[PDB]
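*Asks:* This one is an experimental structure. Sequence first:
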Amino acid sequence: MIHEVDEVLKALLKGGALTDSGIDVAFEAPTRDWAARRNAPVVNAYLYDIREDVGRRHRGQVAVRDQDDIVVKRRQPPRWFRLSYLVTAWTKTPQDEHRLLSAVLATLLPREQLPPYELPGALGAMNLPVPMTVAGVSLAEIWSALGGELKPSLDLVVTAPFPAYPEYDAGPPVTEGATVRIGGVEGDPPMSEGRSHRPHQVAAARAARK
Amino acid sequence: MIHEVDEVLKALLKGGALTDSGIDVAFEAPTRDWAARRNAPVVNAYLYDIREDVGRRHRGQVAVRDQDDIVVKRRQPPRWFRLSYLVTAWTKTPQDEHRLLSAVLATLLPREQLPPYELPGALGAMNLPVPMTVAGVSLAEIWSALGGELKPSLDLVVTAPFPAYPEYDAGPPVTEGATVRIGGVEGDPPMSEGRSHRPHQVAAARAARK
Amino acid sequence: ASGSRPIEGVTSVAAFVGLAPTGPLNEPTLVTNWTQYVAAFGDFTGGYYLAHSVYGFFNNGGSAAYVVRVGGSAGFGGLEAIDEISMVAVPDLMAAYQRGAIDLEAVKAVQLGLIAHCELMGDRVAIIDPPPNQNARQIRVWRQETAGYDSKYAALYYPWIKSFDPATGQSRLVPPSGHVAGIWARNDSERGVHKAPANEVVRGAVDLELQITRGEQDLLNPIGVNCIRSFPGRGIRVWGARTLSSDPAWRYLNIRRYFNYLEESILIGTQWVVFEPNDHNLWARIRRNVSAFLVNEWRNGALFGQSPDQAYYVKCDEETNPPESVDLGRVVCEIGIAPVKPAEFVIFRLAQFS
Amino acid sequence: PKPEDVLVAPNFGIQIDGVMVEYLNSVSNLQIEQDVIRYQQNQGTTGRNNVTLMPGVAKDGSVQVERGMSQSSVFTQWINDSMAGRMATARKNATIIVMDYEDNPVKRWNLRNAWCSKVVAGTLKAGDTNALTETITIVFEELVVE
Amino acid sequence: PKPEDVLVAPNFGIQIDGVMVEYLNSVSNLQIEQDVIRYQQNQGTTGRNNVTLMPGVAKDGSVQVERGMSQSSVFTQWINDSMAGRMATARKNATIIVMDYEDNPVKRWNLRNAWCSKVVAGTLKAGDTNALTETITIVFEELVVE
């Protein structure tokens, strides 16, 4: 679900407070070769690394039920992955670069998380918030790795809830109640059928289920 | 607000203690190519990185009221961002470079913070102090990633308050007071209207505001 | 103290309207002691029951009073500007009626006006005293036909107390309200509002105008007439905790008094809500304050419930709809409580065999 | 969605009746606690052990809120009213609200009869870079979660 | 602006009446603390539990001051005056001031009847680099924030 996070970032940057000019948002790596060809004020949103948010992981058999108010599937809670974006502003004049970076920071500040309504279909099917943290705390080594030159930058962290889908199937529902067989441990009295739940008890349980 | 700080730095450096000569303050990256073209003594104030001051962040619903002494907006405290500037002095003679660096230190030391009125309109609208730290406290890696060569430098840290204002609105003021309806928990006595605040009580509460 | 204090319980102040020598006219004067009363108003220097009523109120135990003088030789509209008042009386109405200067119709009109005024303010209950020299059948007829009051804010007390008058050194007949109200205050100082102020002693009473037997009480009690009877080894005691209301749900004095006390305390504590935003924060604050106030009442045993949820419930969330009562600048809170009824009759059964 | 499906971000707030405090830097642990009471007895005729744990009274605590040092002295006035014994106005009802995104209150902790008892100024150092921090210890007789 | 809006930087100072000290390096925590008394009771008629927390007394304390030690021996003379029993002159009123950016006093902790109780010399090391410091412990009967 990175092809939804990048689209959300592009829509937010284009549709944010930077409506004065039609700036271009690019995900290309800001290397020297890339920087030597651009001729328009642009915003680079290069993906840097992918890590799993081990602090927000949850383990447990989550029940999934149909319209009959009976559980039919067993799944696992989604695992959160942290995606880091290096955000930079490229413009001919350094003060223009500074004001572009300020505008980007101002348009990214108010969104602490992202409601599922804004998210696209694939990510919005989760119906879960998508945290988005700007800045919030090595950059020299990263910039050297891309081969570019150190510039002021924003570290945008997005927490994508990737799914774990083993999708275990539960057994058929128990409709005729439970039957209990009782007897002696050593087998001196033979085990009996022991009967089962009366229809009145089953009806009462099915009525109280609502 | 980055450009507002830049303008503040330029005005402070030009209008500080370095009035003997018309020195030039530049924000360009001090790379080898940039250093090989300059022919006049200059002061470089290159922006290095942007980080959020998580230690000065405050969370709460700040009340904003109009002239009627009634709150009409609910905002959030601004978040402080740490902007780092690498400050260097470039001159042909190394002793002249040392003298220029000493002059910059002398002109930047006495300003621990910044008064709101001396700030530009965008920065001064917050009416909050802006801390400024000179050489408060790795530089080899920064210079290597920048592309230049190691030189004595100042790590000028400026704390810019970016307002994370959600502009959440509040409900209309209560003018008729409060009404309380009382009755039985199980509903044996029917719930009554219970009346409301007397007009004299409302008038006294309104007058006690002043 | 009205902008920062939370909801707290309320002293009981009795407002007395009548005639008295000297003092102001139609000006409610706060009196805290009998010495203050004689320093401001006059002592027993005339044929007025106001002095006797105040003396009985303070002797029986009274935190404060609001004396009002309208025609004292040698008015209820002025009591609408006071909030702490919880009961009212008109001792000198029967004093004027006895002389024949005022007919019974005017007395009935005055009592109806007093009851209507009590129903308006909503925080006080009136005390009614019948004309003197009346029997059980006579008082039943008077209460059912001539003065058929029907209100939840009125309590009638039939027999007249005979107290001591230092002016003449003899015993004089006075209405019991001035004493009875004092008894109420004693309850609020010794057993709380949740307990019916029935089994109490009229300290200032020496004798009664007519002893009431159980046969006559069997007819007087159901019509909402509270009696005062003398018991051997117990003295003069009030017998009856019923109001002059036809509603079975509001036929007990203690329930109405507790409801009025709770309403007044909540209204006093919620005085800071004026000009506050009508959002979820104000509703949460109101709910928290009301719950913190009511849990103390639940702990004291005034309300019935194993846990606070079953004894009281507060609903102030989303009840004030955005287009009704919110555009009008109003906030509505719903409170439900479970009081405890008193045990009026005690029945014993003795069996010879064992 | 489901109540368990919506997580909670550290977007909190406080509200003290009578004390004008808008924002807090941090809030300590507030817990709801109870006393467990073990008792061990042997079953009498046969001798098998049977240890039982059972409920005891609930407990009061001390929620502390830390706010940056400024000119305002609301906590100073609160503690000054406390030290003089005027507890008719010193005992206040407090609320700690924690909300998810969209600024909708999710959980509320109501402190009944909360009353501050300790104000501590942060250590002052000449070379210190961080802002001064004020620590306030607010003790409460009862804490009700809502 | 608003009193809460303006923050406080670690720019401070001290003033001791009779002791010529002008600057310090650090100041320990200054606590305004009140004793809390907890009492648990049960309602006689219903048996419900009520735990009440009420006030104690103002607590005396002590804050350590650590300055760059030098030839000056003002604190040495202070502790010498206190050591010989001349407490008429040993007890001095102290003030701790925290200022704003404009060097304008904001908070002034007044310290009543303060006398030095302990002077500690920093550990001396042959290969030590930083300056050698001196620690002073001062006990004040009362600490009123103004």
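*Replies:* That came through fine. Numbers count the residues shown, from 1 in each chain, chains lettered A, B, ... in the order given.

*Asks:* C-alpha from now on. contacts and neighbour counts both.
*Replies:* Noted.

*Asks:* Just give the closest residue to residue 97, not the sequence neighbours.
*Replies:* If you meant another chain, say so; for now it's chain A. Of all residues not flanking residue A:97 in the chain, residue A:91 sits nearest, at 5.2 Å (C-alpha to C-alpha, 6 or more residues apart in numbering or on different chains).

*Asks:* sorry, should have said chain C
*Replies:* residue C:103 (6.3 Å).

*Asks:* Is there a neighbour count for the one you found? I'd like the number.
*Replies:* 12 (other C-alpha atoms under 10 Å in any protein chain shown).

*Asks:* For it, give its distance to chain A.
*Replies:* 69 Å (C-alpha to the nearest C-alpha, to the nearest Å).

*Asks:* just the helices in chain D please.
*Replies:* Listed in chain order, the helices found in chain D under DSSP state H are D:74-83, D:87-90.

*Asks:* Does residue D:25 touch residue D:14 like I think?
*Replies:* No: applying C-alpha atoms under 8 Å, one finds residue D:25 not in contact with residue D:14, separated by 10.8 Å.

*Asks:* which residues does the residue nearest to the spatial centre of chain D contact?
*Replies:* Nearest residue to the geometric centre of chain D (C-alpha atoms, centre = their mean): residue D:63, 2.4 Å. Residues near residue D:63 by C-alpha atoms under 8 Å, 6 or more residues apart in numbering or on different chains: D:27, D:28, D:29, D:30, D:137, D:138, D:139, D:140.

*Asks:* Closest one to chain A out of the residues you listed, please.
*Replies:* Within the contacts of residue D:63, proximity to chain A (C-alpha to the nearest C-alpha) peaks at residue D:29, which comes in at 19.3 Å.

*Asks:* quick one: what helix or strand has the most centrally placed residue in chain A in it?
*Replies:* Note on chain A: the residue nearest the mean C-alpha position is residue A:161, at 2.1 Å, using C-alpha atoms, centre = their mean. Assignment of secondary structure by DSSP states H and E places residue A:161 within strand A:154-162.

*Asks:* Please list all residues in contact with the closest residue in space to residue D:110 that isn't next to it in sequence.
*Replies:* Spatially, and ignoring its direct neighbours in sequence, residue D:110 is nearest to residue D:95 (4.5 Å; C-alpha to C-alpha, 6+ apart). Going by C-alpha under 8 Å, 6+ apart, residue D:95 touches D:14, D:15, D:16, D:108, D:109, D:110, D:111.

*Asks:* Out of the residues you listed, list just those in strands.
*Replies:* D:14, D:15, D:16, D:108, D:109, D:110, D:111 (DSSP state E).

*Asks:* Output those in TSV, with distance to residue C:346 and neighbour count appended to each entry.
*Replies:* Output for the ones in strands among the contacts of residue D:95, formatted as TSV (distance: C-alpha to C-alpha, whole Å; neighbours: other C-alpha atoms under 10 Å in any protein chain shown):
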residue	distance to residue C:346	neighbour count
D:14	54	20
D:15	52	20
D:16	50	18
D:108	48	18
D:109	47	19
D:110	44	25
D:111	44	27
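
*Asks:* what's the farthest-apart pair in those residues?
*Replies:* D:16 and D:108 (12.8 Å; C-alpha to C-alpha).

*Asks:* Could you measure from the closest residue to chain C within chain A over to residue A:125?
*Replies:* The nearest approach of chain A to chain C comes at residue A:115, 21.5 Å away (C-alpha to the nearest C-alpha). Using C-alpha to C-alpha, to the nearest Å, residue A:115 is found at 12 Å from residue A:125.

*Asks:* all helices for chain A, in order.
*Replies:* For chain A, the helices defined by DSSP H cover A:2-15, A:32-35, A:94-108, A:121-124, A:139-145, A:199-208.

*Asks:* typo on my end, it should be chain C
*Replies:* C:34-40, C:50-59, C:91-98, C:104-121, C:136-141, C:177-190, C:214-220, C:253-269, C:280-299, C:308-311.

*Asks:* ok, residue 25 - contacts?
*Replies:* Because you didn't say which chain, this covers chain A. A:10, A:13, A:14, A:42, A:43, A:44, A:45.

*Asks:* looking at chain C here, not the other one
*Replies:* C:68, C:69, C:70, C:71, C:72.

*Asks:* Quick check: beta-bridge partners of the second one?
*Replies:* Per DSSP bridges, residues listed as beta-bridge partners of residue C:69: residue C:18.

*Asks:* for the one residue in chain D that gets nearest to chain B, phi and psi?
*Replies:* Here chain D gets closest to chain B at one residue, residue D:23, 4.2 Å apart by C-alpha to the nearest C-alpha. Backbone torsions of residue D:23, given as degrees, to the nearest 10, read phi -130, psi 150.

*Asks:* Quick one: neighbours of it, just the number.
*Replies:* 23.

*Asks:* Tell me what residue 133 is bridged to.
*Replies:* I'll assume chain A. residue A:157.

*Asks:* hmm, I had chain D in mind actually
*Replies:* With DSSP bridges as the rule, residue D:133 is bridged to residue D:68.

*Asks:* Name the nearest residue to the residue of chain D closest to chain B, ignoring sequence neighbours.
*Replies:* residue B:60 (4.2 Å).

*Asks:* what residues are up against that neighbour?
*Replies:* B:76, B:77, D:11, D:12, D:13, D:14, D:22, D:23, D:24.

*Asks:* before we move on, back to that, report the contact partners of the residue of chain A closest to chain C.
*Replies:* Applying C-alpha under 8 Å, 6+ apart, the residues near residue A:115 are A:128, A:129, A:130, D:101.

*Asks:* Name the member of those residues with the most neighbours.
*Replies:* residue A:129 leads those on contacts (other C-alpha under 10 Å) with 24 neighbours.
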